[PDB]
Structure formats: C-alpha cells, structure tokens
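K.L.:
give me coordinates for this.
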Amino acid sequence: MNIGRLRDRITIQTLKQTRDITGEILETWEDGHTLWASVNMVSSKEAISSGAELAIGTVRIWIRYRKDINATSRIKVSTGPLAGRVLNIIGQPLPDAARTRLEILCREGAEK
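P.N.:
Numbers count the residues shown, from 1 in each chain. You can find the structure just below:
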C-alpha cells in the first residue's frame, strides 16, 4: 500500500506572459488551482541515486494523475511541512507508470 497518499495541498503557478500594446512581455505567475498533494522533501537516498541531477533538499510532490502540470510551472505549498514556501519544478513532472498518480519534483526556489 503506497503510504504517499494526499495529505497536504499545492498551488499551481502557471506563467502568464502577456504582451503590451507597444510590445514588452509581462511575465507574471497566474496563481491557479490548489489541489490534493503530499509534499515530502527527499532523503540523501534519491539524491545519491540520481547522482547530481537531483540534490539533497529536492522537494517531492505526490498528486493524483494530472498531465496539466508543466516544468515551467511553480509549486507553492498552500498547506504542509513547507506551508508558505514557493518551490520551483526541476527537470520534468514525471507521470506514474501505472497512471495512478503524478511524481512532481521540485526544489526550494531560494531567491536570496
């Protein structure tokens, strides 16, 4: 029984790139749908496993199967262990092989 069921919530930040009446690209994050998630950070296990593609501190995010999530989206934790933190999606949102869920991988978007 996969114990990584939905306990928390995540917010899908889709990137609204709206052009201007003279023509600049106004890149803004259209804060979107807040769905059922389980937001669990990695151990050294899957970091060491992935070598240097993933890192120690990578945020894993387990949701039901949603092919709408993109790598250019950002994930803000509406509630959970990182309640208030906005993580950014690294690599690509990898769909579960049996299509029962979606493995969203992220890291803390430390902008300091």
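K.L.:
and residue 97, how many neighbours?
P.N.:
8 (other CB atoms under 10 Å). Just so you know, the C-beta spots here come from the backbone N, C-alpha and C atoms, and that holds for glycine as well.
K.L.:
with residue 63 instead?
P.N.:
23.
K.L.:
show me the contacts for it.
P.N.:
By CB atoms under 8 Å, 6 or more residues apart in numbering, the contact set of residue 63 is 6, 10, 35, 36, 37, 38, 69, 101, 102, 104.
K.L.:
now swap in residue 88 and tell me
P.N.:
With contact set as CB under 8 Å, 6+ apart, residue 88 has these partners: 74, 75, 106, 107, 108, 109.
K.L.:
likewise residue 70?
P.N.:
If you count contacts by CB under 8 Å, 6+ apart, residue 70 has them with 14, 89, 93.
K.L.:
what separation do you get for the second one and residue 23?
P.N.:
To tie it back to what came earlier, the one meant is residue 89. Distance, residue 89 to residue 23, by CB to CB, to the nearest Å: 28 Å.
K.L.:
neighbour-wise, which of these two wins?
P.N.:
Neighbour totals were compared for residue 89 and residue 23, and residue 89 leads with 22 against 6 (other CB under 10 Å).
K.L.:
may I ask which helix or strand encompasses residue 48?
P.N.:
Per DSSP states H and E: residue 48 is located in helix 44-50.
K.L.:
for that helix, buried residues please.
P.N.:
residue 47 (16 or more other CB atoms under 10 Å).
K.L.:
in a helix, residue 97, correct?
P.N.:
No. According to DSSP: H, G, I helix; E, B strand; the rest coil, residue 97 belongs to no helix; its state is coil.
K.L.:
got a list of what the residue of the chain most remote from its centre touches?
P.N.:
In the chain, the residue that sits farthest from the middle, by CA atoms, centre = their mean, is residue 22; the gap is 33.8 Å. Residues in contact with residue 22 (CB under 8 Å, 6+ apart): none are found.
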